[PDB]
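Colleague: opening with a subset of the complex:
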Amino acid sequence: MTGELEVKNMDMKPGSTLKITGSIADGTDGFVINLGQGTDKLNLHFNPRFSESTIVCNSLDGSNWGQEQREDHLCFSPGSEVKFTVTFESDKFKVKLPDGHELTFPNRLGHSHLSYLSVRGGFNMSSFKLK
């Protein structure tokens, strides 16, 4: 649990961007960036799964995961330094990947401000920047 950062009481409004930098642990099979209203309200569950050569995006509403959206464009690796830019719009999230490729994921949970960010797995978040 050490290093699995949790950020609370953010005030990310629609139209804002979150820039995240971190290091991916050598030999890790995947990691998670969660962004939402709270621990059981995740608008964006962003889960690169190196082990499955895919990025899994989903929402979490209470105890119920939504329908997964899988993106096969997993072109960064264990050991990589990576930067991501997440854009929160009322209707959708845009995630800009390290190579400039952008994924889009619908916002399923309304446009209340996002207050919660957490990391799980083999990702050491070294910086974040809210704009």
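Modeller: The structure has been received and is ready for your questions. Numbering: from 1, shown residues only, chains lettered A, B, ... in the order given.
Colleague: for residue A:99, grab the count of nearby residues.
Modeller: 9 (other CB atoms under 10 Å). No exception for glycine: its C-beta is placed from N, CA and C like everyone else's.
Colleague: what of the one 4 residues further on?
Modeller: Neighbour count for residue A:103, taken as other CB under 10 Å: 15.
Colleague: could you do the one 10 residues further on as well?
Modeller: Residue A:113 is surrounded by 12 other residues when neighbours are defined as other CB under 10 Å.
Colleague: phi, psi of it?
Modeller: Main-chain torsions, residue A:113, degrees, to the nearest 10: phi -60, psi 150.
Colleague: give the contact list for it.
Modeller: Taking CB atoms under 8 Å, 6 or more residues apart in numbering, we find residue A:113 in contact with A:10, A:11, A:12, A:13, A:37.
Colleague: separation between the closest residue to the fourth one other than its chain neighbours and residue A:120?
Modeller: Leaving aside its chain neighbours, residue A:13 sits nearest to residue A:113 (5.2 Å; criterion: CB to CB, 6 or more residues apart in numbering). The spacing between residue A:113 and residue A:120, counted by CB to CB, to the nearest Å, is 22 Å.
Colleague: kindly report the same for residue A:21.
Modeller: Counting by CB to CB, the gap from residue A:21 to residue A:120 is 17 Å.
Colleague: the two - which one has more neighbours?
Modeller: Using other CB under 10 Å as the criterion, residue A:21 and residue A:120 rank with residue A:120 on top: 17 against 14.
Colleague: one more chain, chain B:
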Amino acid sequence: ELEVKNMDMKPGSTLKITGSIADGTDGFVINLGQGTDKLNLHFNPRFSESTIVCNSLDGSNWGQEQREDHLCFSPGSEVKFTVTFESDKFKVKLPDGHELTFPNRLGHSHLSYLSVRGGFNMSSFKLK
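Modeller: Time to bring in chain B:
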């Protein structure tokens, strides 16, 4: 306000914080430690008193405050603070160039907790 948990700040590491000070506020707080009741560093610019007050908190017991009269930044500004955690002390670089220090009284375990309170809207966090 903003809380960060499960950090892994070890001695030698540096934490850079950027944020905007709320218009008209009397001051704000940056806390750094292991939890809401274990604060190695409580950093509190107070515009009213023209001073920066620092202290430690161990359970319900506060230590002896230290005051730095070198407060030269203002509400309305986006400012940057750089905190260096060493085993014996914290160094805080202020936006005017001045550097203050505060003893580390809670002994050297990594810091896992950061919290900002009062008139400060943190926009950026960087750990090295």
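Colleague: revisit the neighbour count of residue A:99 given that chain B is now included?
Modeller: A count of nearby residues for residue A:99, using other CB atoms under 10 Å in any protein chain shown, gives 9.
Colleague: cool, and residue A:116?
Modeller: Using other CB under 10 Å, the number of residues around residue A:116 comes to 20.
Colleague: check contacts around it.
Modeller: Residues in contact with residue A:116 (CB atoms under 8 Å, 6 or more residues apart in numbering or on different chains) are A:6, A:7, A:8, A:10, A:34, A:35, A:36, A:37, A:38, A:39, A:41, A:42.
Colleague: what residues are bridge-paired with it?
Modeller: In this entry, residue A:116 is beta-bridged to residue A:36, by DSSP bridges.
Colleague: and it, how far from chain B?
Modeller: Per CB to the nearest CB, to the nearest Å, residue A:116 is found 10 Å from chain B.
Colleague: and residue A:50, backbone torsions?
Modeller: phi -60, psi -40.
Colleague: isn't it right next to residue A:74, touching?
Modeller: Yes - with contacts counted by CB atoms under 8 Å, residue A:50 reaches residue A:74, the gap being 6.9 Å.
Colleague: and these two? Which one has more around it.
Modeller: More crowded of residue A:50 and residue A:74, by other CB under 10 Å: residue A:50, with 20 against 17.
Colleague: let me know how buried residue A:29 is, in neighbour terms.
Modeller: Look at residue A:29: counted by other CB under 10 Å, it has 13 neighbours.
Colleague: that one contacts residue A:50, doesn't it?
Modeller: Yes - in this structure residue A:29 lies within contact range of residue A:50 using CB under 8 Å: 5.5 Å.
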